[PDB]
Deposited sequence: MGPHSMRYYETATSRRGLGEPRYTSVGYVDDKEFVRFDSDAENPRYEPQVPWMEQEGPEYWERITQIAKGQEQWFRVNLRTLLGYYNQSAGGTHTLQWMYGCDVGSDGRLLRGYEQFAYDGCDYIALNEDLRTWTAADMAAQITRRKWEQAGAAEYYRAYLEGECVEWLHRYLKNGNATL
């Protein structure tokens, strides 16, 4: 219709990992590893119509994420809040305008995917190490698959849910 966006902000804080989803800057889902039932929950009524299969799916994603976050937190203590923000902006034609993958540690940018969805900006020498690993392993192409595909598709789904 007009422009729209989806973003997830994932943080693990020493640790309690938290994930919050936004559509058009409005929070719609949430996961916290401090609650009685660490599990994604809808935050707005229009997400409630998603069947139990959905919630189970993304909850499992979240537990896996907790793991990734400890490995990389401890990793970082090696070379608190670990933050991963990602998502997509789409134009009036519903097509991808811009994709984001931004990794930050303790309030400082660590590595982030450039607008080309192909190359990486890193500042730290250490981030230069990561950039190295990921250039070789094809991390940019992997994330680009999400941002150009699933991210757009889920955003349209959530806009319809509303």
**Request:** Numbering from 1, run down the deposited sequence and write out every stretch that has no C-alpha in the structure.
**Result:** 15 to 20, 86 to 93, 177 to 180
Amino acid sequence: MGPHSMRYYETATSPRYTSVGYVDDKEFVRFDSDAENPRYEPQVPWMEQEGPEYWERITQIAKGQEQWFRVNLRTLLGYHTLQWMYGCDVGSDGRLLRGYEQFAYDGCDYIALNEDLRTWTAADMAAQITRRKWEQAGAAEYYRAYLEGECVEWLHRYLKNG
From here on, numbers count along this sequence of modelled residues.
**Fill in**
Between 137 to 145 and 10 to 18, the record assigns the higher mean Cα B factor to 10 to 18
**Message:** Averaging CA B factors per stretch from the PDB record, which one is higher: 106 to 114 or 43 to 51?
**Reply:** 43 to 51
**Complete:** From 101, 27, 34, 93, the top C-alpha temperature factor is at 34
**Prompt:** According to the PDB entry, is the CA B factor of residue 122 in the bottom, middle or top third of its chain, that is, lowest, middle or highest?
**Reply:** middle
**Fill in**
Entry-reported C-alpha B-factor of residue 77 relative to its chain, by third, is highest
**Request:** Would you mind ranking residue 159 by its C-alpha B-factor against the rest of the chain and naming the third, lowest, middle or highest?
**Result:** middle
